[PDB]
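Just one chain is shown here, as structure tokens, and it is the form solved without the RNA.
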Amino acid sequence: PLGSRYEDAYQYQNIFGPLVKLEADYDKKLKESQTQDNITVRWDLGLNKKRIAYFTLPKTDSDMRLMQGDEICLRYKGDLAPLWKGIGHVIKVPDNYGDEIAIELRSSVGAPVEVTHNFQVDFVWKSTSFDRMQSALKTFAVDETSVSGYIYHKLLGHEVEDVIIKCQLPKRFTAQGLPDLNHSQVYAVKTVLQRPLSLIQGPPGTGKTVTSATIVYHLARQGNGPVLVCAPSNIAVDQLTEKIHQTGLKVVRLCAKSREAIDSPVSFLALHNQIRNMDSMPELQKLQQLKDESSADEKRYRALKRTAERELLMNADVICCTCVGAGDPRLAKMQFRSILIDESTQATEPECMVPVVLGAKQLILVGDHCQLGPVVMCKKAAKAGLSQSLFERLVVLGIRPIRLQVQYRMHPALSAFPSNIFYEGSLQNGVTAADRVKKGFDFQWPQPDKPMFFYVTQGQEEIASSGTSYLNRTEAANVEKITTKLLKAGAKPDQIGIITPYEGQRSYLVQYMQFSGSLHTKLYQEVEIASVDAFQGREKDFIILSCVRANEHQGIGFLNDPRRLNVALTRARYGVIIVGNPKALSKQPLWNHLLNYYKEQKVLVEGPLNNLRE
């Protein structure tokens, strides 16, 4: 793809720097060309004494997904002129609680509360993440202690005499609150602790994230400073934060300042939440109550929060953050001896380099290049080398990943197809059918010993009322019938996921399951519905795919990307149900194999209380 060898870090910066600038300009253009205007706001001083405007935008399934934290710029327009400008940040996006975007605006005064149409939602571009990428390339080139010198040479592809990191290993490598390790995982931990640089590779469910949590536990039990743990996406970092919390380490989850409205299983571990509960600093406590219920108290509250952050950050055992989030100014002046990056194959190399240059002497990279890769909008940058992850470049350089092969997530039948198509049948099972026979679940499949079937459903795929996305109302109905059948059978709502490629299908499934659901509306609200991105590195007991397209033209998500389908088929533990049109999905070498294998196992069925289909 691109020459993996480099003379020095100056030359490295000169290659990657322009690539990053190419990506920064491209999606600056794209963001500023995504303006809506015919929208109607919904003003109200939200119960936390801060103005929170609501609005609905046309359903568009893009790759630049509007996330919680993005800066948005309102604009009152039309004939009736308190015409002004107002800036805020996204406190909520389309989800299970209705498909309405909320923002929490900074200032609350000049904004007219005349809830009146003809506004203009502009997506404010931030160079933040690209600035951090460029800054990290500069630190690699200029800062002598950015990396250990061994790692400096190994990252540039130089020939280096091997170094053995000396340390007192533990007697036993399994960590307390995590699963008992394999021989392969025990080997991975033992080997990793004594190498300055290591890659860990492995198919879905093979304990990469658990093994990473275990490694971070032992690195923390050394006398060093805080271990830095990263992943490219917020979802993957939450997965890792949770496993590390289970070992009993003092964890701090750093996130961007605007993403404090997020709620995950370990949201309480976040820095902004830990600071609210500072029992050692009652005075920022007094000021925090003040902002809820001035100008001088603002600069004092600001510096008081800066002090509390420094205290928890410098005194933590582990700091979990996004790769890009490692370049956060609050982590400036800090250095990290040990650094691990889960899901490293999902990041571009400059993004992945943001944490690395903060003093790395021991570096662990965990990945799977058959799962989600980097997202590069600009095709020119991608072709010029930005699409290759750090992990993958080191593999070309000859470092051999420690490999995990035994999965413990899925049922043998579920892992059968993904292994043969994506991993050459080299993904095997450390769990059997007896282990994945859901306890307290009276449901019988169209073929026992095989918790899976492709439900056939031809239907009118149409466009979304507002937007460019697609949906399939006939399938949606069938997906609620499957969801209702699983819930009555014993399955808990929070252990069912529904993956679908399109935004129009997601939005429709949320409203339709709640309104027209047989059971309580609160139960369908508890069932997650999203694209594969939402389930990155995660697992549910049951998954339901909803392939929307019943037409001729290309798809987008798991319809035409091998990476995304693999991830879609490897989230389930106890069973998976795919819903879609066999004919429409057939025009795709990957999906035509799926339909063949399912027909051979006598699970290509149709019509409630079902039987085989041709």
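C-alpha atoms forming the largest set that superposes within 1.5 Å between two forms make up the rigid core. Note that residue numbering begins at 1 and tracks the sequence as displayed.
- Modelled in this chain, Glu552 is nonetheless absent from a third or more of the other compared entries whose models extend past it on both sides.
- Residue-level annotation: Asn48 lacks coordinates in a third or more of the other entries compared, counting only those that model residues on either side of it.
- Count the deposited residues lacking coordinates between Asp263 and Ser264 and you get none at all.
- Mean CA B-factor, 244-252 versus 446-454: the higher value falls on 446-454.
- Annotation for 97-105 versus 524-532: the higher mean temperature factor (C-alpha) is found in 97-105.
- Across the residues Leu386, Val113, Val216, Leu414, the deposited record lists the maximum Cα B factor for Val113.
- If you compare the C-alpha temperature factors of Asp131, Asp328, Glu462, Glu475 in the entry, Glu462 comes out highest.
- Among all modelled residues in its chain, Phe140 ranks in the lowest third by Cα B-factor.
- In the PDB entry, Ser294 places in the highest third of its chain by CA B-factor.
- In the deposited entry, the Cα temperature factor of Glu424 places it in the middle third of its chain's modelled residues.
- The deposited CA B-factor of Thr483 belongs to the middle third of values across its chain.
- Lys208: CA B factor lies in the lowest third for its chain, per the PDB record.
A second form of this protein, the form deposited with the RNA bound, is not displayed here; the remarks below concern that form.
- Scanning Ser338, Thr209, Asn234, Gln201 against the RNA in the deposited bound form with a 4.5 Å heavy atom cut-off leaves one residue, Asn234.
- In terms of contact with the RNA in the deposited bound form, the residue from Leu30, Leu66, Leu585, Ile52 that brings a heavy atom within 4.5 Å is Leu30.
- The partner is not drawn, yet in the deposited bound form one stretch among 354-362, 502-510, 478-486, 515-523 has residues with heavy atoms inside 4.5 Å of the RNA: 502-510.
- Put simply, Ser129 is close to the RNA in the deposited bound form: some heavy atom of it is within 4.5 Å.
- By the criterion of a heavy atom within 4.5 Å, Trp43 is excluded from the residues contacting the RNA in the deposited bound form.
- Interface membership of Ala384, defined by any non-hydrogen atom within 4.5 Å of the RNA in the deposited bound form, is ruled out.
- In the deposited bound form, the RNA sits within 4.5 Å of a heavy atom of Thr322.
- Of all the residues from 524-538, those having a non-hydrogen atom no more than 4.5 Å from the RNA in the deposited bound form are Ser531, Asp533, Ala534.
- Superposing the two forms on their core leaves just one of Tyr152, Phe441, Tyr187, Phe123 with a Cα displacement of at least 2 Å between the shown form and the other one, namely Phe123.
- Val356 is not among the residues whose C-alpha shifts by 2 Å or more between the shown form and the other one once the rigid core is aligned; its shift stays under 2 Å.
- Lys481 is among the residues whose C-alpha shifts by 2 Å or more between the shown form and the other one once the rigid core is aligned.
- Core-superposed comparison between the shown form and the other one: the Cα of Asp79 travels 2 Å or more.
- Relative to what is shown, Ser267 and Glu283 are closer in the deposited bound form; their C-alpha atoms differ in spacing by at least 3 Å.
- With a change of no less than 3 Å, the CA-CA distance between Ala270 and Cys73 is larger in the deposited bound form than in the form shown.
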